[PDB]
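Notes for the one structure printed next.
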Amino acid sequence: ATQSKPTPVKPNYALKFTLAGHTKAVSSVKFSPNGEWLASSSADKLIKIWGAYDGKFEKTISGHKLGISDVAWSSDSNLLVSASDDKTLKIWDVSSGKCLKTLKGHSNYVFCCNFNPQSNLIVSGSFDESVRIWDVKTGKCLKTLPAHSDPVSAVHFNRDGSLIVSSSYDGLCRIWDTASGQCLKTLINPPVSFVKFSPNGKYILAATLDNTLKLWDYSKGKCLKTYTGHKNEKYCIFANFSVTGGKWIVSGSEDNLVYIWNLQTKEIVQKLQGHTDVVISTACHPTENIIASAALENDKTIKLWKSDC
Ligand SMILES: COc1cc(CN2CCc3c(cc(C[n+]4ccn(C)c4N)cc3-c3ccc(F)cc3C)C2=O)cc(OC)c1
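Quick note on my numbering: the sequence shown kicks off at 808 and runs consecutively.
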């Protein structure tokens, strides 16, 4: 008798549910931190809440005047924030489905948003090329960062909220000190279409519109891993670290597939087939081996896939 380390070579994600309901392109899907829910945003101006395990439709949340690009959960899974083409963000109580606050200040489309781990702040990126930091409790804009010289494609807090990472079509990835709003680091140039901090908080996963994902050690400023084989030259596609089982990288792709790479070897380990348009968003369940994927207007569905590892 001994204790062994399971080292799976590939996952075996298989389609379990397809979720219909949105009437235009789906823009973003996100699992709630408590693992109970999936939230989706769409160009149809709606947010929809679904059961994370069975995909059962739970509710529709409305009030935005134009399409919604992004949604994000608070740490206690009780709030959502949404970024809209109506130039506002909205903070919602998920239980009631009612808008708590409207965050106004951006002068163009709001493309991306996130809570910080404490969930007392919200960070947003916009087509107006700025990154804004908002107080959740008052709804007031605390700071406006002249972050980029093109639309901001992603914003993400690190694990204690002390840092913000942003990316833009201007070709830059920047790291900002949350407290001061000042730039701590710039990495520079094809458009950077997505960025996010790793689960361990030490790395940055960055996508560029040359069909490339890169894992960077941001402090050393060194690229540690690169993942290719998918198609990404036009859209800002969400990517993820999958850490509940084997250590994978997950992304959508413009060839309508979900790509899964071995994080360490960078080999493609799985390709998920089923969507009929660009897989613009993917998300990984916080505790179970479950992936949600969502596609653009020729498809308009969300799919839930499950793996044994
Ligand atoms: C030439 O100029 C440009 C061109 C584009 C191209 N584009 C615009 C439309 C879009 C895109 C990506 C995502 C996915 N999405 C949401 C948040 N996040 C962090 C990521 N990744 C959603 C949506 C979107 C937005 C609102 C809706 F109502 C419906 C949809 C489908 C995307 O790729 C971006 C751009 O700046 C960012 C400048």
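Positions of the beta carbon are idealized from the N, C-alpha and C atoms, including for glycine.
In the DSSP secondary-structure assignment, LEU1031 is not bridged to any residue.
Only buried fits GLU936, as 16 or more other CB atoms lie within 10 angstroms of its CB. Distances from the CB of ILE1044 to the heavy atoms of ligand 1 include at least one below 8 Å. CA-CA distance, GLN925 to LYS817, rounds to 35 Å. For a cut-off of 8 Å, the C-beta gap from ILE929 to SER1000 is around 22 Å, too long to register as a contact. As computed with DSSP, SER933 is found in a beta bridge with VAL917. In this structure, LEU873 has its CB closer than 8 Å to one or more heavy atoms of ligand 1.
For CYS980, the uninterrupted beta strand (DSSP E) run begins and ends at 980 to 984, by DSSP. With contacts defined by Cβ atoms closer than 9 Å, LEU1103 and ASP1084 form a contacting pair.
Per DSSP, the continuous beta strand (DSSP E) segment holding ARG939 begins and ends at 938 to 942.
Under the 8 Å Cβ criterion, the region 1068 to 1077 does not count as touching the region 1088 to 1108, having fewer than three qualifying pairs.
Taking all protein chains shown into account, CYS980 has 16 or more neighbouring C-beta atoms within 10 Å of its C-beta and is therefore buried.
A residue is called buried when at least 16 other Cβ atoms come within 10 angstroms of its Cβ; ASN1105 does not meet this threshold and is exposed.
Exclusion of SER847 from the 8 Å shell around ligand 1 follows from its C-beta lying no nearer than that to any non-hydrogen atom of the ligand. When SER834, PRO840 and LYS863 are compared, the shortest CA-CA separation from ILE854 is found for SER834. In the pairwise beta carbon analysis, the region 913 to 923 is classified as touching the region 948 to 965: at least three pairs are separated by under 8 Å. Taking 9 Å as the cut-off, the beta carbon of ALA890 is found closer than this to the beta carbon of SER933. At the C-beta level, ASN1039 and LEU1016 come within 9 Å of one another. Between the alpha carbons of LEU970 and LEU949 lies a gap of roughly 15 Å. At a threshold of 8 Å, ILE982 does not count as near ligand 1, since its beta carbon sits no closer than that to any of the ligand's heavy atoms.
Contact annotation: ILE1109 and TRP857 have beta-carbon atoms nearer than 9 Å.
In its chain, beyond the 5 residues on either side, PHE1048 and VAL1050 have a beta carbon closer than 7 Å to the beta carbon of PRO1006. Under DSSP, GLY1059 forms no beta bridge with any residue. For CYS1043, the three-state secondary structure derived from DSSP is coil. For the set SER876, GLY870, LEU873 and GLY904, the Cα lying nearest the Cα of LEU886 is the one of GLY904.
Here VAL962 is bridged, per DSSP, to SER973. Nearest neighbour of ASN965 by Cα position, chosen from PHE1004, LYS1021 and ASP1115, turns out to be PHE1004. Rounded to the nearest angstrom, the gap between the Cα atoms of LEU1031 and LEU952 is 29 Å.
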